[PDB]
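Engineer: give me a 3D structure for the following:
(one chain, ligands or ions: 2)
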Amino acid sequence: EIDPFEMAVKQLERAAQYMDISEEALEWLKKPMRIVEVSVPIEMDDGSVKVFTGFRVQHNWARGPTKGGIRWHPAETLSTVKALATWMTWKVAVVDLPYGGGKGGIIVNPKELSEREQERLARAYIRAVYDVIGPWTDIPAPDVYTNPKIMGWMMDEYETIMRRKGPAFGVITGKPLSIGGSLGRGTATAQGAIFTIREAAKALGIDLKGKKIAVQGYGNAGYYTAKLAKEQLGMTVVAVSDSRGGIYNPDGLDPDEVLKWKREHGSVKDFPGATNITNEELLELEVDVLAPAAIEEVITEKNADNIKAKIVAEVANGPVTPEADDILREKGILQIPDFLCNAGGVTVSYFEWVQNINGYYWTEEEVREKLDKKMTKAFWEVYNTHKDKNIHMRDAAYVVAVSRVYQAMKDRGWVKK
Ligand SMILES: NC(=O)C1=CN([C@@H]2O[C@H](COP(=O)(O)OP(=O)(O)OC[C@H]3O[C@@H](n4cnc5c(N)ncnc54)[C@H](OP(=O)(O)O)[C@@H]3O)[C@@H](O)[C@H]2O)C=CC1
Ligand SMILES: O=C(O)CCC(=O)C(=O)O
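Structural biologist: Residues are numbered from 1 along each chain as shown. Ligands and ions are numbered 1, 2, ... in the order given. Right below this line is the structure:
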């Protein structure tokens with residue numbers, strides 16, 4: 001139940017309800033512009049040939065070449081890929097990139113595939129979808145169960161097929177630094193989230209120096225968010241959690257020590273000098289910034305009234321339900337929309353694509369400054385729409401993104417109204 005695509009269409013329809021958009025443009029936006037389903041045959045280590053199902057959905061390319069990652073998950077469906085491409089369209093539109101929306105995926109369990117089999121899978125996927133991808137057509141990226149090594153393999157296969165007739169480095173992002181990689185990719189999402197948190201604090205008029213932050217989820221995104229907050233913003237990290245449990249310390253925590261203790265003991269549980277807590281009561285501490293960077297849909301009707309965070313930074317992909325959205329807005333809580341808070345990753349991916357296209361590569365400082373400018377401008381545009389239209393922050397972000405895409409469509413002459 002609860003079809004993925006249908007939910008995206010519903011959301012797109014809730015967004016259009018707050019803005020003036022023609023019916024033909026909305027109907028165009030409700031349909032992906034191109035969907036490609038291909039068979040991906042690879043040779044297994046036992047010599048047998050197995051055929052996998054691969055997807056490549058390009059939702060819209062009015063603003064430019066489509067952008068989106070490739071997922072290798074056993075539960076991947078065409079509907080999920082279409083919904084994620086639709087969401088990626090708004091994600092690149094809100095942060096003002098010359099990109100469209102795209103997405104790819106292969107129905108495969110990568111846990112049971114060896115390195116050689118994974119390389120064969122990546123190369124065969126490239127051989128299957130070469131005709132619909134390119135540096136100026138469709139730029140894939142890392143995603144769940146996919147890493148930069150697979151990006152390098154895919155880029156090498158694309159370069160082999162294209163015969164080095166153009167910027168083969170720019171066809172795919174997230175590559176290793178040795179081959180067309182970009183500095184600052186590892187901490188892109190956390191850096192963008194930190195920039196949006198700083199801008200939100202500036203908007204609310206509060207100083208983050210010496211304040212408290214709780215991060216729910218301690219993956220790369222959560223750990224880097226906590227570390228960057230403590231370093232740059234000067235905030236005090238109070239509570240973190242893994243999939244198992246959480247810890248509490250009112251005097252503060254050192255993210256590096258927590259990470260060191262997490263990989264050593266396999267979990268964040270039972271950290272010395274800290275009190276063991278659960279995610280459900282961790283979301284309820286009185287803090288100024290709360291950053292859910294974990295399992296989706298963790299804030300609902302049950303716990304919406306108990307949130308005491310002044311700012312909620314949705315690092316994860318939609319951890320707050322729309323009814324919880326309304327409840328939090330009624331309480332005077334500033335929410336950064338999920339596809340705006342974690343837009344730093346796609347922005348750094350765009351920077352990598354620009355570097356590959358141009359043949360000139362930037363330093364860490366230049367990438368950080370450009371990311372700062374882009375994220376600050378996007379957040380301030382969203383907040384200004386919020387204030388002007390008297391709508392929710394998520395609604396304002398949807399309004400901005402759909403307005404940009406609609407203007408791009410009207411300029412091309414695709415829609416006459
Ligand atoms: N990675 C990125 O570049 C960006 C990520 N996002 C979204 O953000 C989130 C984090 O990013 P990512 O680095 O990929 O995640 P990771 O795979 O690196 O880490 C996953 C983490 O969340 C924890 N977790 C899983 N389920 C729960 C749960 N039910 N309760 C509490 N903690 C849980 C895991 O715990 P444990 O350590 O015990 O396994 C782990 O700490 C994801 O949801 C992702 O989709 C979007 C923006 C870009
Ligand atoms: O870099 C990209 O194009 C996709 C990265 C991503 O998964 C994201 O930013 O949500």
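Engineer: near ligand 1 at all, the longest helix anywhere in the chain?
Structural biologist: Using DSSP state H to define each element, the chain has its longest helix at helix 364-389. No - legend: contact between helix 364-389 and ligand 1 by Cβ under 6 Å from any ligand atom is lacking; minimum distance shown is 13.0 Å. For every residue, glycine as well, the C-beta is placed using N, CA and C.
Engineer: so how far is that helix from its chain's centroid?
Structural biologist: Mean-position distance between helix 364-389 and its chain equals 16 Å (Cα atoms, centre = their mean, to the nearest Å).
Engineer: and it, anywhere near ligand 2?
Structural biologist: No - Helix 364-389 is not in contact with ligand 2 by Cβ under 6 Å from any ligand atom; minimum separation 12.4 Å.
Engineer: kindly format the C-alpha coordinates of the very next helix or strand once past that helix as CSV.
Structural biologist: Towards the C-terminus, the helix or strand next in line after helix 364-389, according to DSSP states H and E, is helix 393-412. Once non-C-alpha atoms are left out, helix 393-412 reads as follows in CSV (Å, rounded to 0.1, in the frame of the first residue of the first chain):
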residue,chain,number,x,y,z
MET,A,393,8.3,26.3,5.1
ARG,A,394,7.8,23.1,3.2
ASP,A,395,5.0,24.7,1.2
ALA,A,396,7.2,27.7,0.5
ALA,A,397,10.1,25.5,-0.8
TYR,A,398,7.6,23.7,-3.0
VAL,A,399,6.4,27.0,-4.3
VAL,A,400,9.9,28.3,-5.1
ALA,A,401,11.0,25.0,-6.8
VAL,A,402,7.8,24.6,-8.9
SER,A,403,7.8,28.3,-9.8
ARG,A,404,11.3,28.0,-11.1
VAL,A,405,10.5,24.8,-13.1
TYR,A,406,7.3,26.4,-14.5
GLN,A,407,9.1,29.5,-15.6
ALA,A,408,11.8,27.4,-17.3
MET,A,409,9.0,25.4,-19.1
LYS,A,410,7.2,28.6,-20.2
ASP,A,411,10.5,30.1,-21.5
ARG,A,412,11.1,27.0,-23.7
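Engineer: run through who's touching helix 393-412.
Structural biologist: Contact with helix 393-412 is made by 11-12, 14-16, 18-19, 21, 25, 28-29, 60, 62-63, 89-91, 93-94, 96, 322, 325, 329, 334-340, 381-383, 385-386, 389, 391, 415, as judged by Cβ atoms under 8 Å, 6 or more residues apart in numbering.
Engineer: buried stuff in that helix?
Structural biologist: Within helix 393-412, the residues scored as buried using 16 or more other Cβ atoms under 10 Å are 393-406, 408-409.
Engineer: for ligand 1, what are the nearby residues on the stretch 251-400 of the chain?
Structural biologist: 279, 293, 294, 295, 315, 316, 317, 342, 345.
Engineer: can you tell me the SS state at the third one?
Structural biologist: I take that to be residue 294. When states are read from DSSP: H, G, I helix; E, B strand; the rest coil, the local structure at residue 294 comes out as coil.
Engineer: run through the bridge partners of residue 292.
Structural biologist: Here residue 292 sits in beta bridges with residue 216, as judged by DSSP bridges.
Engineer: so what's it up against?
Structural biologist: The contact partners of residue 292, by Cβ under 8 Å, 6+ apart, come to 216, 217, 283, 298, 299, 312, 313, 314, 315, 316, 319, 320.
Engineer: let's go with 6 Å and repeat that
Structural biologist: Each residue near residue 292 by Cβ atoms under 6 Å, 6 or more residues apart in numbering is listed here: 216, 298, 316, 319.
Engineer: that one and residue 335, how far apart?
Structural biologist: 11 Å (Cβ to Cβ, to the nearest Å).
Engineer: again, but for residue 136
Structural biologist: For residue 136, the distance to residue 335 (Cβ to Cβ) stands at 36 Å.
Engineer: enumerate the residues of the stretch 51-200 of the chain near ligand 2.
Structural biologist: Counting by Cβ under 6 Å from any ligand atom, the stretch 51-200 of the chain comes close to ligand 2 at 67, 68, 69, 141, 143, 173.
Engineer: what about the first one, which SS state?
Structural biologist: Think residue 67. The local conformation at residue 67, judged by three-state DSSP, is strand.
Engineer: can you name the residues bridging to it?
Structural biologist: Listed by DSSP bridges, the beta-bridge partners for residue 67 are residue 101, residue 139.
Engineer: for the longest helix of the chain, packing partners?
Structural biologist: Counting contacts by 3 or more Cβ pairs under 6 Å, 6 or more residues apart in numbering; DSSP states H and E, helix 364-389 is packed against helix 188-204, helix 344-358, helix 393-412.
Engineer: again, only using 8 Å
Structural biologist: Helix 364-389 is packed against helix 188-204, helix 338-341, helix 344-358, helix 393-412, with contacts defined by 3 or more Cβ pairs under 8 Å, 6 or more residues apart in numbering; DSSP states H and E.
Engineer: quick check: buried residues in that helix?
Structural biologist: Those would be 367-368, 370-372, 374-375, 378-379, 381-383, 385-386, for helix 364-389 by 16+ other Cβ under 10 Å.
Engineer: again, but for stretch 251-258
Structural biologist: Buried residues in stretch 251-258, defined by neighbour count with 16+ other Cβ under 10 Å: 253, 255, 258.
Engineer: just those now: which is nearest ligand 1?
Structural biologist: Taking Cβ to the nearest ligand atom as the measure, ligand 1 lies nearest residue 258 of these, at 11.2 Å.
Engineer: hang on, the closest one packs against residue 269?
Structural biologist: No - counting by Cβ atoms under 8 Å, residue 258 sits too far from residue 269 to count as a contact (11.1 Å).
Engineer: give me the common contacts of those two.
Structural biologist: residue 247.
Engineer: just want the residue of the stretch 151-300 of the chain that's nearest ligand 1.
Structural biologist: Residue nearest to ligand 1 within the stretch 151-300 of the chain (Cβ to the nearest ligand atom): residue 219, separated by 2.1 Å.
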